[PDB]
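Colleague: coords please:
(chains A, B and C)
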Amino acid sequence: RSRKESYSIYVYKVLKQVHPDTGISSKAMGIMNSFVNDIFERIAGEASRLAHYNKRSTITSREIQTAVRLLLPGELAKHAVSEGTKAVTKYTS
Amino acid sequence: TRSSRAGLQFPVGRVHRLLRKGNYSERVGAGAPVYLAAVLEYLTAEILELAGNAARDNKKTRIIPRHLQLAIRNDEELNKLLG
Amino acid sequence: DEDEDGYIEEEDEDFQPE
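Modeller: Numbering: from 1, shown residues only, chains lettered A, B, ... in the order given. Structure data below:
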């Protein structure tokens, strides 16, 4: 089967910003890595899949944004959509 | 790096390659992987924030699987996104 | 028997960056 990527080092960096004194067990980190791999593959899936069904040559932030609101429930989407636009607003500027 | 310039811990370059894997003929704008990296960093921060609170509430200094469960199973939106 | 097929915390080592 398919190989998952390892996001542990980046999950750990995020943990230190939200809980600097708190560690994480190996098994708990493995669960986080599977969550991150699962959401990456789901959002990236519909963005590639919206660009090919809407006759678009390029995957942009607006396929990610649409996919995020297709898959994420309620306030998670709005906040994720908030955080996504602010990131490209530092990036483009 | 492109990830610092977006204010992110998650690697933008890796998300770019992940997006290109879905269709090697589909091109990837610069905004797409930055936006997606920030979305996953937010979701990661949200789970760890709540799981870290569960660890602290139980007088623990590290997150264990039970803390992830307590955090997600008691959050309707996370439990229904992650299962 | 929790030690036979349950979660044992003392066997779940800390995740280590370095």
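
Colleague: from here on, just use CA atoms for contacts and neighbour counts.
Modeller: Will do.

Colleague: please enumerate the strands of chain B.
Modeller: B:27-28, B:62-63 (DSSP state E).

Colleague: and among those, the most buried is which?
Modeller: strand B:62-63 (a mean of 22; mean count of other Cα atoms under 10 Å in any protein chain shown).

Colleague: so what strands line up beside that strand?
Modeller: Strand B:62-63 sits in its sheet next to strand A:23-24 (parallel), going by DSSP bridges.

Colleague: give me the contact list for the partner strand.
Modeller: The contact list for strand A:23-24, computed with Cα atoms under 8 Å, 6 or more residues apart in numbering or on different chains, reads A:15, B:61, B:62, B:63, B:64, C:14, C:15.

Colleague: could you do stretch B:74-83 as well?
Modeller: By Cα under 8 Å, 6+ apart, stretch B:74-83 touches A:35, A:71, A:72, A:73, A:74, A:75, A:76, B:47, B:72, B:73.

Colleague: on that earlier part again, buried members of the contacts of strand A:23-24 into PyMOL, please.
Modeller: Entered in PyMOL, the line below selects the buried ones among these, by 16 or more other Cα atoms under 10 Å in any protein chain shown:
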select buried, (chain A and resi 15) or (chain B and resi 62+63+64) or (chain C and resi 14+15)
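
Colleague: quick one: the contacts of strand A:23-24 as TSV, columns for distance to residue A:2 too.
Modeller: Output for the contacts of strand A:23-24, formatted as TSV (distance: Cα to Cα, whole Å):
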residue	distance to residue A:2
A:15	27
B:61	34
B:62	31
B:63	28
B:64	27
C:14	27
C:15	24
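
Colleague: need the longest helix for chain A.
Modeller: helix A:26-53 (DSSP state H).

Colleague: report the strands that pair with the helix or strand just after that helix, each with its relative direction.
Modeller: Next helix or strand after helix A:26-53 toward the C-terminus (DSSP states H and E): strand A:58-59. The strands that strand A:58-59 pairs with in its sheet are strand B:27-28 (parallel) (by DSSP bridges).

Colleague: residues contacting the residue nearest the centre of chain C?
Modeller: In chain C, the centroid-proximal residue (Cα atoms, centre = their mean) is residue C:12; its distance is 2.4 Å. Contacts for residue C:12 (Cα under 8 Å, 6+ apart) come out as A:25, A:26, A:27.

Colleague: quick one: the helices in chain C, in order.
Modeller: C:2-5.

Colleague: near chain B, which residues of it show up?
Modeller: residue C:9 (Cα under 8 Å from any Cα of the partner chain).

Colleague: the residue lying closest to residue A:46 once chain neighbours are set aside: which element?
Modeller: Spatial nearest neighbour of residue A:46, chain neighbours left out: residue A:67 (5.6 Å); criterion: Cα to Cα, 6 or more residues apart in numbering or on different chains. Element membership for residue A:67, per DSSP H and E: helix A:61-71.

Colleague: pull the distance from that helix to the chain's centre.
Modeller: The chain centroid and the centroid of helix A:61-71 are separated by 11 Å under Cα atoms, centre = their mean, to the nearest Å.

Colleague: following element in sequence after that helix, please.
Modeller: Trace forward from helix A:61-71 with DSSP H and E and the next one is helix A:74-92.

Colleague: thanks a lot, see you next time.
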